[PDB]
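Shown next as structure tokens: one chain only, the form deposited in one PDB entry.
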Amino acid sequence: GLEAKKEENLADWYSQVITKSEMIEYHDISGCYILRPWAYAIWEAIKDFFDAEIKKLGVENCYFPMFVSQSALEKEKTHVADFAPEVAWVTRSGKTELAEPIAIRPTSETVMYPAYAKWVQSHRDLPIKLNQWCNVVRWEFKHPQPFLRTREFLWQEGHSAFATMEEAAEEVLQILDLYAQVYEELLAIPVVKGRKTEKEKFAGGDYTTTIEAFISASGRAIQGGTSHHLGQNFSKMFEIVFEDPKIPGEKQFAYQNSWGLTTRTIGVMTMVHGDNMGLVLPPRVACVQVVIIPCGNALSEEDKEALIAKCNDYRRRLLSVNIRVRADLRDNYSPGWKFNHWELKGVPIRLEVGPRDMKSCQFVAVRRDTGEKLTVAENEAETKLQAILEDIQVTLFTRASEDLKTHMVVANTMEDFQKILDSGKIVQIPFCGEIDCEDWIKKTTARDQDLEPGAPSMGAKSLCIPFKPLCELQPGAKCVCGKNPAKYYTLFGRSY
């Protein structure tokens, strides 16, 4: 069973659902967490979808070394300046020291692009579309939260290089739309497509696109993924040059993109869909979609091998119709134990089979998201359970998206922007775009915060500039700072 309440102490609710669903085990190194098979299967389900899609775009999988030299890491000046204090350095091999300290990748820009330069000698070498599934290390000192904020995490990073800027800009939106599919269609989480501000953009690129999700339990938003257009800032430092047949002599630099998505996906899935009973898995990423457990001392041993065979009969039928099913035929656990054990893990459907239900050619089907039981005939298991599982996926998303539509509004002044901020909601406001003004928003929001006992206050930072804002910017509408005119509607709010 679960003890902590989600509506009150969300932090303790989160630490108990990730451990009692057997997803996360803690490690003696702070910030590093063990991804148990239950959580890792979700990442592999995300991997199977995203891998099959980038290959359609012409992207191939590879693996680059995790260690970066000093000179290679410092070629891009501003890119290394943002990641510098967050880089873990290897300075000794056992007892003997290293002649040159090597760095662990916080990202593989400075690792791949020296190789991109050698691979690009003419126009026939482009485009290059490479992706890798690996781990990276960012030793940020902020308080770590499993899945969401970890010193080491798993991700994919795709790095593409084009001779054209139109080809590169086209890929940025293509990948970001795939990221939205990962959250909306696999995790049943609505996201807001948008562009990062100049303060929050990827240091070293021209612009950064992103998807932002909302967690109503804490009133905080979180970035689900990013797709950057690096322009030529890396091609001009790493000399990824080529000769154009139309214009010769002038050394042309390649246009590059970089896009990443991490295991944070699993943490957002926990915060959005989880309840006070435990985890709640979307059926499209659930390791097992339907769990089968026999229900119901003096019973003869002949009929004991009969109902477990119907369980194996159900398990085998669902596998032919492509439904991930587990048969919990373990006898050392009580039926009530495995009841809470599997809804703590969040399996979308629990299949119950009592002795009387078996003889009556029927079985019970309990839903995880709502708890509704349904006595189903034994000839309806393949077509109806598939219809129930798909109904789980849509209601989790329609509830989460109705939860987001309610919690995302518009405000045109600090009085409204701050008031609705204390309402545990995010809000799009007219923004001038200046960086120092964005610091002023994050300052006067934590300064004038109307909080409640139990919830700390943090300044509202920028999240994204939505491609499709709620309402259009009025002609001549000034920014909320008053000292500068507004350039666009910008989504703000407290963030993870």
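Residue positions are given as counts along the sequence shown, with the first one as 1. The term rigid core refers to the most C-alpha atoms you can superpose between the two forms while keeping them within 1.5 Å.
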**Prompt:** Is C464 without coordinates in at least a third of the other compared PDB entries of this protein that model the residues flanking it?
**Reply:** no
**Asked** Is it true that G454 goes unbuilt in a third or more of the other compared entries of this protein?
**Response** yes
**Message:** Quick check on the record: how many residues from the deposited sequence are absent from the model between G296 and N297 (none, 1 to 3, 4 to 9, 10 or more)?
**Reply:** 1 to 3
**Item:** Mean temperature factor over C-alpha atoms, higher-scoring stretch between 142-150 and 410-418
**Value:** 410-418
**Message:** Regarding 37-45 and 428-436, which shows the higher C-alpha temperature factor on average in the entry?
**Reply:** 428-436
**Item:** Candidate set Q232, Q393, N131, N379 [ranked by C-alpha B-factor, highest]
**Value:** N379
**Item:** Residue selected from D82, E157, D331, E212 by maximal Cα B factor
**Value:** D331
**Message:** Based on the deposited C-alpha B factors for this chain, I'd like to know if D51 is in the lowest, middle or highest third.
**Reply:** lowest
**Request:** Place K95 in the lowest, middle or highest third of its chain's C-alpha B-factors, as listed in the PDB entry.
**Result:** highest
**Asked** Among the chain's modelled residues, which third holds the C-alpha B-factor of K373?
**Response** highest
**Asked** In terms of the CA temperature factor given in the entry, to which third of its chain does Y179 belong: lowest, middle or highest?
**Response** lowest
**Asked** Against its chain's modelled residues, does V480's Cα B factor rank lowest, middle or highest third?
**Response** highest
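From this point on, the text means the form deposited in another entry, which you will not see here.
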**Complete:** A Cα shift of 2 Å or more between this form and the one not shown, after fitting the rigid core, is seen among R284, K345, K425, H79 only at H79
**Prompt:** Superposing on the rigid core, does the Cα of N484 end up 2 Å or more away between this form and the one not shown?
**Reply:** yes
**Request:** Indicate closer or farther: the Cα atoms of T78 and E157, in the other form, relative to the displayed form, with a change of 3 Å or more.
**Result:** closer
**Prompt:** Where do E74 and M165 end up in the other form, Cα atoms closer or farther than shown, with a change of 3 Å or more?
**Reply:** farther
